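Q: Show me the folded form of this:
(4 chains, ligands or ions: 4)
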Amino acid sequence: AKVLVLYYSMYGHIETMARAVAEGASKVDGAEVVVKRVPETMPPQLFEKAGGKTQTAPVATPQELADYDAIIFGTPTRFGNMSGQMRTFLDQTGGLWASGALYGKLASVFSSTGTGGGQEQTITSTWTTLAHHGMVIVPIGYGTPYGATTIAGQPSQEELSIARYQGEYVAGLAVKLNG
Amino acid sequence: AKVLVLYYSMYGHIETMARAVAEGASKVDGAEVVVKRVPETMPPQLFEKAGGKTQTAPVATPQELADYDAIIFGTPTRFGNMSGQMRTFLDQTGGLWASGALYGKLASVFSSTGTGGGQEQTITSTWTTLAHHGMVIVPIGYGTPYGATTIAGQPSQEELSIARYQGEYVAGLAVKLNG
Amino acid sequence: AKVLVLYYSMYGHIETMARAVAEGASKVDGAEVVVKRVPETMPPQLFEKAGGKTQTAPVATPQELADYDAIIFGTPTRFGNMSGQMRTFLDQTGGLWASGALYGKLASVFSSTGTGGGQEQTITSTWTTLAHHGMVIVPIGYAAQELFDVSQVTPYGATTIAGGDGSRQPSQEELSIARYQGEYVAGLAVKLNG
Amino acid sequence: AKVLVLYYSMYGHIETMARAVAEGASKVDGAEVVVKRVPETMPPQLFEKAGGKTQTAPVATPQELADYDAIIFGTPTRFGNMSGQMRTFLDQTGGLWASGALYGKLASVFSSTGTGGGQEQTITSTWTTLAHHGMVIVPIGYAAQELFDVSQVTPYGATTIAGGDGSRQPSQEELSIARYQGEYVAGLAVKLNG
Ligand SMILES: Cc1cc2nc3c(=O)[nH]c(=O)nc-3n(C[C@H](O)[C@H](O)[C@H](O)COP(=O)(O)O)c2cc1C
Ligand SMILES: Cc1cc2nc3c(=O)[nH]c(=O)nc-3n(C[C@H](O)[C@H](O)[C@H](O)COP(=O)(O)O)c2cc1C
Ligand SMILES: Cc1cc2nc3c(=O)[nH]c(=O)nc-3n(C[C@H](O)[C@H](O)[C@H](O)COP(=O)(O)O)c2cc1C
Ligand SMILES: Cc1cc2nc3c(=O)[nH]c(=O)nc-3n(C[C@H](O)[C@H](O)[C@H](O)COP(=O)(O)O)c2cc1C
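A: Numbering: from 1, shown residues only, chains lettered A, B, ... in the order given. Ligands and ions are numbered 1, 2, ... in the order given. Structure as follows:
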């Protein structure tokens, strides 16, 4: 089974989490794991002015999402929604939606946040979009049951472990369903 | 695989939908399907005063939910939440939550509503509870992509067909995962 | 203006929070504050055996919600929703809904959790019902620090942690935010209604 | 009181709704209403090739949101969220957030869909962000029928159906609800701010 870890990160927190998720998924025999990012939308000028951490993972196209059996989406908490960069990217998946290309595939979500709250709303409002595509949504249950998070007022050891678990669990389901 | 269609109905709309969901699930070879209701919480006096349709399906206990591979939950839209009767029942699943008894099992939701809106919020706020139990959430994608609905300002032919589809689709996933 | 603090509590955490909300609201001259609880639905024997806490607040009826200018709802987090007791009570407000009785009145929400997870969803899914009634929804955001009566203090409503074992009580930091929520909502109620 | 109708529109449906919201708001004496759009993020060539509609409304900056007493946000439904363009714009309001610039101001939301699905989620997930800013959230509920300027007319905010092909335009019934939303919010803004 093919697993995509698809993420947006500005300051590196989701980037760090995405590596942990990918590690977990890679523990599963038969899981082929790939990590990609959505494009930065800010001109580099503005990204640099804001102190961004330049991302170097391969950039995904909206259309290639169809190639995977499971997609694990990472986004920072942005006032209780996904980031504009992730939203912009998902707004470019209309062609896939019309063709049913993501229908029935596994989806799961992880996030990063400060200490102000909103991470639960970020995850569940991301689920909404996944459901429009007919994706099967995988929470982690029993920190939120909705998906792995990291809270920064670098991620903690325990936070990285939960992220690894999420990858391992989702990848295991993907192999169960697709070999 | 064992599929439970678990519902609350006051005036029969969810009851009718639950039969359709069960029909769909029963199309899947290897799916063993059961329909049960959550208890009415209103004293019969008050239920009758309100013009309720007495339900006669077997009553589920909170604890027996653990016996199934997939649970498809039906609730009317009650100001954009599940009904108090379904909420009360789910508030009695703390023992299952502590034991991880529903973890990883399939869940899906259908609803009934008037013409005032709220059915999307009812379904997605029901998903929240399912996620606390670690259940895998199955939307229907492409009326809402979140789950089958019926809108009454008896369910329509098309509404019953979508309900049948939801049962068939979820039951198929349950057999794929559990034989 | 009349302000109702309407709550459900099993083990007393929301009860303590509700008293703090009412204390804050009472600071506003011209705000008449009342605290009431929704009925317990569990049989007394089962409630007692579960370690439930008996409470002195009067029990509200659904009908009387119409009598207030602002209602501040408290509920524990129950798998990311309000409790069955609060949901059952709100399901009895159909008559108020049909007559527009709560339309335009202020609403705000506070909660409690064992270990944190689901509090955001409890508050926002309670807002949904308030919106069906046409109520104006008051989040707390992150208020100016000097407005809290405890120094060094979610944006959706005040919360408190009960612990996995339920034995933790609300801290003065948590209660300060609850008091602010009451004072803030009551101030708005007086601004709008005298 | 100053009221901003701030919107994003691709194909003009939200634009038409925004004009209706502004018309309603303008009915309130003492409400100064302005309509602005968030920037298009698509390159002009791609936007034009996609059949996008050019629009006369001035483009808002994030900073100027601080200048208003009420902000009514319009966005199409994009898989049950606000659009990427609105999300990108709101992600630029961190400075306002840090200074408390929008705290306590009124907010309300309207939307549009192709075939209905997701509109509720678009509105309520927009409310989340408004709550982080401490804004007071105004749902429309089901208002008294005589307050709509079209007879025989979700509770979360006004909506319109664009059709699967995008060719449907807002009906007078839909626009009447949008006009009501503007008038209602503007009335509240004047009540609170003069
Ligand atoms: C516009 C904006 C909004 C934010 N909103 C929230 C919020 O709702 N809650 C919170 O606690 N942190 C919030 N944050 C902080 C980010 O979630 C946090 O810094 C996260 O670690 C960043 O992840 P990244 O390093 O992968 O970009 C926000 C940051 C930005 C830039
Ligand atoms: C307290 C209450 C609240 C309701 N809230 C809504 C609502 O939010 N939206 C709506 O359109 N219908 C609403 N309804 C109507 C029910 O959703 C509708 O009648 C549904 O068909 C009933 O399903 P049942 O026959 O299975 O009980 C509500 C009904 C009750 C009793
Ligand atoms: C059925 C049930 C479900 C619960 N779900 C949650 C949960 O989602 N998250 C949480 O951290 N605690 C959860 N709790 C714990 C309660 O939120 C908690 O102990 C409560 O906040 C106490 O408030 P009270 O003393 O006012 O009843 C749950 C408790 C029960 C009985
Ligand atoms: C990427 C994308 C996703 C969309 N998602 C939805 C959807 O969730 N539900 C819906 O009924 N229509 C959806 N639509 C259609 C738009 O909501 C619709 O055509 C829009 O409301 C038009 O408003 P505008 O003319 O102001 O851009 C989507 C459109 C796009 C481009």
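
Q: Within range of chain D, give me the residues from chain A.
A: Residues of chain A found near chain D (CB under 8 Å from any CB of the partner chain) are A:41, A:78-85, A:87-91, A:93, A:97, A:116, A:118, A:121, A:125, A:128-129, A:131-133. Where C-beta positions appear, they are placed from N, C-alpha and C, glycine not excepted.

Q: The same query, at a cut-off of 6 Å, please.
A: Chain A comes close to chain D at residues A:78-81, A:84, A:87-88, A:91, A:121, A:125, A:128-129, A:132, as judged by CB under 6 Å from any CB of the partner chain.

Q: Just the terminal-to-terminal distance for stretch A:123-141.
A: End-to-end distance of stretch A:123-141 (CA to CA, to the nearest Å): 13 Å.

Q: Please verify my assumption that residue A:148 contacts residue A:168.
A: No. Look at residue A:148 against residue A:168 with CB atoms under 6 Å: they stay out of range, at 11.3 Å.

Q: intersection of neighbour lists for these two?
A: Taking CB atoms under 6 Å, 6 or more residues apart in numbering or on different chains as the contact rule, residue A:148 and residue A:168 touch no residue in common.

Q: Of those two, which one has the most company?
A: The neighbour comparison of residue A:148 against residue A:168 (other CB atoms under 10 Å in any protein chain shown) goes to residue A:148, with 30 against 18.

Q: Which secondary structure element is home to the nearest residue to residue A:117 once chain neighbours are set aside?
A: Once flanking residues are discounted, residue A:117 sits nearest to residue C:154: 3.6 Å by CB to CB, 6 or more residues apart in numbering or on different chains. For residue C:154, there is no enclosing helix or strand under DSSP states H and E.

Q: Quick check: residue C:154 touching residue A:116?
A: No. With contacts counted by CB under 6 Å, residue C:154 stays clear of residue A:116, the gap being 7.7 Å.

Q: wait, which of the residues of chain A next to chain D is closest to chain B?
A: residue A:132 (4.9 Å; CB to the nearest CB).

Q: Look up how far chain D lies from the residue nearest the centre of chain A.
A: The centre of chain A sits closest to residue A:73, judged by CA atoms, centre = their mean, with a distance of 1.6 Å. Going from residue A:73 to chain D by CB to the nearest CB, to the nearest Å gives 13 Å.

Q: Also residue A:179?
A: Counting by CB to the nearest CB - residue A:179 and chain D are separated by 29 Å.

Q: Can you get me a residue count around that residue?
A: What residue A:179 shows, counting by other CB under 10 Å, is a neighbour count of 8.

Q: got it, and residue A:53?
A: Residue A:53 has 12 nearby residues by other CB under 10 Å.

Q: so it makes contact with residue A:9?
A: No. Residue A:53 sits out of contact with residue A:9 when judged by CB under 6 Å, with a separation of 7.2 Å.

Q: Narrow the residues of chain A next to chain D to those that are buried.
A: For the residues of chain A next to chain D, a burial check counting by 16 or more other CB atoms under 10 Å in any protein chain shown picks out A:78-81, A:84, A:87-88, A:91, A:121, A:125, A:128-129, A:132.

Q: Just flag the most distant two among those residues.
A: A:79 and A:132 (21.3 Å; CB to CB).

Q: can you redo the residues of chain A next to chain D as CSV with distance to ligand 1?
A: Formatted as CSV, the residues of chain A next to chain D follow (distance: CB to the nearest ligand atom, whole Å):
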residue, distance to ligand 1
A:78, 4
A:79, 5
A:80, 5
A:81, 8
A:84, 8
A:87, 12
A:88, 14
A:91, 18
A:121, 8
A:125, 12
A:128, 17
A:129, 18
A:132, 23
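
Q: Great, nothing more from me.
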